[PDB]
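Only one chain comes next, encoded as structure tokens, the form deposited in one PDB entry.
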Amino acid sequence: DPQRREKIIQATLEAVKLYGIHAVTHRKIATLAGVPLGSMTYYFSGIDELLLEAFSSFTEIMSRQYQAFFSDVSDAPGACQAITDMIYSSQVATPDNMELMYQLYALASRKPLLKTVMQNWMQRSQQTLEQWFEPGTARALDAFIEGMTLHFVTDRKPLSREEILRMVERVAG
């Protein structure tokens, strides 16, 4: 029962990866969840609220990962090393994470509820960084993470770890 609701949230993310958000429906999700169609009506209302809750679950997973990179951080230089680790490890920009994250980004202009999820997600990230950095620098760093996590796993010749550290430290001021 809470089992089932969670299966449906997960199948929603699975449907986004398999079908694209545009093509996601209650029945496609129920199929992937292996639950009766009736369960969709029981736990959820509209496809957009379901998308909201599924992507919120996803970003919460991401936030826990994000924070975990700073578990051994006690100061700004340490946070720079942690951000470097976050980028260089390629653990944030995995195929699964990218496929979900960028579909969210793709449709946020068309779906206000999803833009809210992105904004909330950015806000949590900033809040993590504000433990060691000024608000503005925190935002700069999180945008730098956004771009460099992706570019690191895409570039035919990405930056070295020591190069990444130097650039993180530049942004950190």
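From 1 onward, residues are counted along the sequence shown. Throughout, rigid core stands for the largest set of C-alpha atoms superposing within 1.5 Å between the two forms.
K157, present in the displayed chain, goes without coordinates in a third or more of the other PDB entries compared that cover both sides of it.
Stretches compared: 18 to 26, 154 to 162. Higher mean C-alpha B-factor in the entry: 18 to 26. Mean C-alpha B-factor is higher over 44 to 52 than over the other stretch, the pair under comparison being 44 to 52 and 120 to 128. Within the group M148, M62, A140, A68, the record's highest C-alpha temperature factor is found at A68. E99 sits in the lowest third of its chain by CA B factor, as recorded in the PDB entry.
The protein also exists as the form deposited in another entry; that form is not presented, and the subsequent description refers to it.
With the core fitted between the shown form and the other one, just one of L113, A68, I61, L37 shows a Cα displacement of at least 2 Å, namely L37.
With the core held fixed, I47 shows a CA shift of 2 Å or greater between the shown form and the other one. After superposing the rigid core, the Cα of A82 is displaced by less than 2 Å between the shown form and the other one. With the core superposed, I21 shows a C-alpha displacement of at least 2 Å between the shown form and the other one.
Compared with the form shown, the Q91-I164 C-alpha separation decreases in the other form, the change being 3 Å or greater.
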